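Here the structure comes first, spelled out in structure tokens, and everything after it is commentary.
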Amino acid sequence: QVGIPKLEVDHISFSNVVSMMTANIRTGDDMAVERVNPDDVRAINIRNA
Amino acid sequence: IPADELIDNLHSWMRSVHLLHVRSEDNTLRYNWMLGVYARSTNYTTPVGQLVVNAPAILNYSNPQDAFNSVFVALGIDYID
Amino acid sequence: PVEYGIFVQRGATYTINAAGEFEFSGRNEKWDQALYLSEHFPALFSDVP
Amino acid sequence: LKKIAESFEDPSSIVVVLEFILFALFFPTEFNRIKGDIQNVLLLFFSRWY
Amino acid sequence: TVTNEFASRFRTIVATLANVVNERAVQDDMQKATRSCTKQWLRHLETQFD
Amino acid sequence: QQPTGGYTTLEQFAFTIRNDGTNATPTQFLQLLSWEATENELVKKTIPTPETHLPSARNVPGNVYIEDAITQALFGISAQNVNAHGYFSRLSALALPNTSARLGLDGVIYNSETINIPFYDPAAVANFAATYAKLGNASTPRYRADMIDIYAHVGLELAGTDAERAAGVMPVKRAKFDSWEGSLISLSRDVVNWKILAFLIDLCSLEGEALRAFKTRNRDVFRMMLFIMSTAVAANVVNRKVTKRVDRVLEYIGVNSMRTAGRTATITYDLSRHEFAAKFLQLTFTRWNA
């Protein structure tokens, strides 16, 4: 079963699966959101949890 | 303190504290009080407090615990101090 | 200072009970004109010792 | 539901609860799909006035 | 002939609702005022609907 | 498809771990680990029977990876907030009268058997997935597991002699065994591998003569499993240099301390993962004791 982790023993080993992310997972994406500034201010509660 | 100037006096304040509430008729309600007393402490600003004011009935209660769980459930919070 | 404290302390506006006694309220709420018609007399004038 | 963020803490704000009643009445089969995002908005209104 | 089961219904909606605006009290001058007048706009809005 | 007879008693579901040179069975590995018994003590309580209501399968097109998730999370290695978008509950779709979705034999949930892919007999999966659906709702405020207390048990089970485990009491013994350069973490990565599932499905679906008989044969494969995990939540883990070797020591076995910031010699437990192993231990445990 266990294939003896490639890093456990001491033999180099060119070729080995690499899980790389596809074209559908762009990361570091600058994602836009709509921010809503609560109206009032005088209302905005601070204290008590 | 002069027994007189004390009682007489104290009584003035005593008779001042006016706990906001909404009297009822059910023969099982109670009052939680403490929480309330405290809503009064600060002038009804700390949300829990800003709760009772317009919504005073919130304080009466029958199940010693549901009493509070009501407060939380509504203004949604982990704890009140 | 002291007077306007014991007094505004006892409701800033009352309304009237069924047996006509005067029921003051608790908060020292402000008082708008649109609130003029509706069981809520300004409290200063209550003229109650 | 093009999420309508409100606080419901100023009597003039029933305006929004009304948007829905008027809306649900006007196109209810359409409104039905989104009863959830909304049930979602309303309890808040309730936490506030009730 | 003259009743319109539909719009007359919305009419009750502006009351139970309008009524809701009276139970809801406040603690302000702004809140106290606008509440009266919206009780107002709210109604006109309904004849506006009829 | 494919029957059982015993299940874990089958060729491809052999749990090994590899230590020093070749990969050996954890039963043999455990026997290479001793105790330090501290002047403390820990009585075992009584796991509270799990909340009946199994989560709601929830609509979600797509087989989701179950075995990998359940385990990646328990003896993970860096699984962060596990109970968010967590699917574990999607594992309740299997438990039903005549559902279609089968538990792939690779630890994936499919909806409807498919072209060339084994899967446990829907006969037994209906008993496993039956209870572990629960494992889904571990984040639900009103259902969350016991936790801190539930460790009294992982521990006497992992350690304790046949004698302590009989009277409840047992010092909090500290584990030391012979390490070998970053051994605990590696012991663990190796475990994330086991096809856990194959075990559990058998854990709860075997009548009796068979079930108790196996519970005993497999206690060894199981214990190694709690152990890799108990260390996740153990005070300090220190390495002891001796003559030539390094006798690695676990300070306090079976005393969840709530440790949460990334250690190194082991696998951290973000608080969520923490409640989860909490949840996992309770169901699997309440179950081990027929």
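As shown in the structure tokens, the chain order sets the letters A, B, ...; within each chain, residues go from 1, and ligands are also counted from 1 in the order they appear.
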Q | Who sits within 9 Å of residue C:30, only C-alpha atoms, same chain under 2 positions skipped, as a VMD selection string | A | (chain C and resid 12 to 13 28 32) or (chain E and resid 27 to 29)
(Q) Among stretch 55-250 of chain F, which residues does DSSP mark as alpha helix (DSSP H) when it is run on the backbone? Keep the chain and numbering as in the structure and answer as a PyMOL selection string. (A) chain F and resi 66-74+122-131+151-158+161-167+183-193+196-203+209-230
Q) Would you list which chain A residues are within 12 Å of chain B using only C-alpha atoms, as a ChimeraX atom specification? A) /A:42-49
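Using only C-alpha atoms, the chain A residues found within 8 Å of chain F amount to residues 1, 2 and 4 of chain A.
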Q. Which of these, B:1, B:37, B:14, B:53, has the shortest distance to chain E once you count only C-alpha atoms?
A. B:53
Q: Just need the residues of chain B within 10 Å of chain D, counting only C-alpha atoms, so spit them out as a PyMOL selection string.
A: chain B and resi 51+54-55+57-58+71-76
Q. Can you tell me, as a ChimeraX atom specification, what residues are no more than 12 Å from residue E:37 when counting only C-alpha atoms, ignoring any on the same chain fewer than 5 positions away?
A. /C:33-35 /D:11-12 /E:18,21-22,30-32,42-45
Those selected residues, please, written with N, CA and C atoms and delivered as an mmCIF file, in the first residue's frame.
data_model
loop_
_atom_site.group_PDB
_atom_site.id
_atom_site.type_symbol
_atom_site.label_atom_id
_atom_site.label_comp_id
_atom_site.auth_asym_id
_atom_site.auth_seq_id
_atom_site.Cartn_x
_atom_site.Cartn_y
_atom_site.Cartn_z
ATOM 1 N N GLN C 33 -44.295 68.740 18.370
ATOM 2 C CA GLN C 33 -45.587 69.337 18.079
ATOM 3 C C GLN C 33 -46.523 68.440 17.337
ATOM 4 N N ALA C 34 -45.958 67.452 16.680
ATOM 5 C CA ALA C 34 -46.779 66.538 15.947
ATOM 6 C C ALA C 34 -47.345 65.596 17.019
ATOM 7 N N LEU C 35 -46.746 65.636 18.216
ATOM 8 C CA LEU C 35 -47.187 64.794 19.336
ATOM 9 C C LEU C 35 -48.235 65.562 20.128
ATOM 10 N N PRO D 11 -39.150 55.314 12.507
ATOM 11 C CA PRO D 11 -40.502 55.131 11.946
ATOM 12 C C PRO D 11 -40.716 55.354 10.453
ATOM 13 N N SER D 12 -39.910 56.195 9.825
ATOM 14 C CA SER D 12 -40.077 56.455 8.395
ATOM 15 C C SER D 12 -39.682 55.245 7.555
ATOM 16 N N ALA E 18 -50.261 50.832 9.323
ATOM 17 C CA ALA E 18 -50.308 52.208 9.781
ATOM 18 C C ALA E 18 -50.468 52.140 11.287
ATOM 19 N N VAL E 21 -47.401 51.479 13.143
ATOM 20 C CA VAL E 21 -46.628 52.724 13.259
ATOM 21 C C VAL E 21 -46.962 53.537 14.514
ATOM 22 N N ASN E 22 -48.093 53.190 15.122
ATOM 23 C CA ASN E 22 -48.547 53.821 16.351
ATOM 24 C C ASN E 22 -48.102 53.047 17.598
ATOM 25 N N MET E 30 -36.897 64.027 15.866
ATOM 26 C CA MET E 30 -36.936 63.636 14.464
ATOM 27 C C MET E 30 -37.838 62.426 14.297
ATOM 28 N N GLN E 31 -37.590 61.426 15.137
ATOM 29 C CA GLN E 31 -38.340 60.180 15.099
ATOM 30 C C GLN E 31 -39.809 60.416 15.423
ATOM 31 N N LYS E 32 -40.070 61.271 16.404
ATOM 32 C CA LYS E 32 -41.443 61.578 16.773
ATOM 33 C C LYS E 32 -42.188 62.269 15.633
ATOM 34 N N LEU E 42 -48.125 57.360 4.141
ATOM 35 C CA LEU E 42 -48.506 55.985 4.070
ATOM 36 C C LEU E 42 -49.953 55.950 3.622
ATOM 37 N N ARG E 43 -50.835 56.743 4.211
ATOM 38 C CA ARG E 43 -52.247 56.725 3.790
ATOM 39 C C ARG E 43 -52.593 57.232 2.353
ATOM 40 N N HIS E 44 -51.979 58.360 2.014
ATOM 41 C CA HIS E 44 -52.173 59.009 0.727
ATOM 42 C C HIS E 44 -51.724 58.046 -0.324
ATOM 43 N N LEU E 45 -50.665 57.336 0.021
ATOM 44 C CA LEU E 45 -50.071 56.379 -0.863
ATOM 45 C C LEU E 45 -51.136 55.360 -1.218
#
Q: Name all residues at most 9 Å from stretch 255-267 of chain F (count only C-alpha atoms; drop same-chain ones fewer than 2 positions away) and give them as number ranges by chain.
A: F: 42, 75-78, 147-152, 155, 172, 182-186, 188, 228-235, 237-238, 252-253, 269-271, 274
Output N, CA and C atoms for every residue in that selection, as a compact mmCIF listing (two decimals), in the first residue's frame.
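Wrote it out as part_22.txt, contents follow:
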# COMPACT_ATOMS: atom_id res chain seq x y z
N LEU F 42 -7.29 10.90 36.35
CA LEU F 42 -8.40 11.31 35.50
C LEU F 42 -9.46 10.21 35.40
N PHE F 75 -6.90 14.41 11.61
CA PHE F 75 -5.48 14.26 11.84
C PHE F 75 -5.07 15.02 10.67
N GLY F 76 -5.68 16.19 10.56
CA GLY F 76 -5.35 16.99 9.41
C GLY F 76 -3.86 17.24 9.33
N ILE F 77 -3.51 18.52 9.27
CA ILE F 77 -2.12 18.95 9.18
C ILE F 77 -2.12 20.43 8.88
N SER F 78 -3.32 21.00 8.75
CA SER F 78 -3.50 22.42 8.46
C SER F 78 -4.84 22.62 7.78
N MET F 147 -16.40 17.79 24.35
CA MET F 147 -15.06 18.32 24.19
C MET F 147 -13.95 17.92 25.17
N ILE F 148 -13.65 18.92 25.99
CA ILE F 148 -12.60 18.89 26.95
C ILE F 148 -12.78 17.63 27.81
N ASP F 149 -13.99 17.40 28.29
CA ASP F 149 -14.30 16.21 29.08
C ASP F 149 -14.23 14.92 28.31
N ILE F 150 -14.65 14.98 27.05
CA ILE F 150 -14.65 13.77 26.27
C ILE F 150 -13.23 13.25 26.22
N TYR F 151 -12.18 14.05 26.39
CA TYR F 151 -10.84 13.41 26.39
C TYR F 151 -10.49 12.49 27.54
N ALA F 152 -11.28 12.48 28.60
CA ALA F 152 -10.86 11.61 29.67
C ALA F 152 -10.77 10.26 28.98
N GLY F 155 -8.12 9.10 26.21
CA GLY F 155 -7.00 8.60 26.91
C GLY F 155 -6.85 7.32 27.64
N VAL F 172 -2.53 10.53 34.73
CA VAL F 172 -2.43 11.14 33.43
C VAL F 172 -1.00 10.76 33.19
N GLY F 182 11.30 14.26 13.43
CA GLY F 182 9.95 14.66 13.05
C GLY F 182 9.02 13.48 12.85
N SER F 183 9.03 12.58 13.83
CA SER F 183 8.19 11.40 13.78
C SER F 183 6.69 11.54 13.97
N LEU F 184 6.23 12.37 14.90
CA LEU F 184 4.79 12.47 15.12
C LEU F 184 4.03 13.01 13.91
N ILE F 185 4.56 14.08 13.32
CA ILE F 185 3.91 14.70 12.17
C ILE F 185 3.85 13.70 11.01
N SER F 186 4.95 13.00 10.78
CA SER F 186 5.02 11.99 9.72
C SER F 186 4.10 10.78 10.01
N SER F 188 1.51 10.89 11.48
CA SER F 188 0.23 11.48 11.07
C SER F 188 -0.14 11.66 9.61
N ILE F 228 -2.50 9.64 17.42
CA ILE F 228 -1.93 10.60 16.51
C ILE F 228 -2.70 11.90 16.84
N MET F 229 -4.01 11.76 17.06
CA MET F 229 -4.92 12.86 17.42
C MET F 229 -4.84 13.55 18.82
N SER F 230 -4.70 12.76 19.89
CA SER F 230 -4.62 13.24 21.27
C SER F 230 -3.40 14.14 21.30
N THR F 231 -2.35 13.76 20.57
CA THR F 231 -1.17 14.63 20.58
C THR F 231 -1.49 15.96 19.95
N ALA F 232 -2.45 15.98 19.04
CA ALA F 232 -2.78 17.30 18.47
C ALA F 232 -3.07 18.34 19.60
N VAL F 233 -3.69 17.88 20.69
CA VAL F 233 -4.12 18.62 21.86
C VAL F 233 -3.45 18.03 23.08
N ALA F 234 -2.22 18.44 23.30
CA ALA F 234 -1.46 17.96 24.43
C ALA F 234 -0.53 19.09 24.77
N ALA F 235 -0.49 19.35 26.05
CA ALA F 235 0.32 20.40 26.50
C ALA F 235 1.55 20.80 25.73
N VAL F 237 5.04 18.93 23.91
CA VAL F 237 5.53 17.77 23.26
C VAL F 237 6.97 18.15 23.25
N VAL F 238 7.81 17.34 23.87
CA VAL F 238 9.21 17.66 23.89
C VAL F 238 10.00 16.46 23.51
N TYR F 252 1.49 14.62 29.01
CA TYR F 252 0.08 14.46 29.26
C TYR F 252 -0.73 14.01 28.08
N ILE F 253 -1.11 12.76 28.22
CA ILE F 253 -1.90 12.01 27.26
C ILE F 253 -3.32 11.90 27.77
N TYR F 269 -4.67 22.57 16.00
CA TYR F 269 -6.12 22.41 16.00
C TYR F 269 -6.87 23.74 16.06
N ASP F 270 -7.19 24.31 14.91
CA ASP F 270 -7.93 25.56 14.93
C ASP F 270 -9.14 25.19 15.76
N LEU F 271 -9.72 26.18 16.44
CA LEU F 271 -10.81 25.97 17.38
C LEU F 271 -11.99 25.19 16.78
N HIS F 274 -11.18 21.74 16.35
CA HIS F 274 -11.18 21.31 17.72
C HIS F 274 -12.54 20.85 18.20
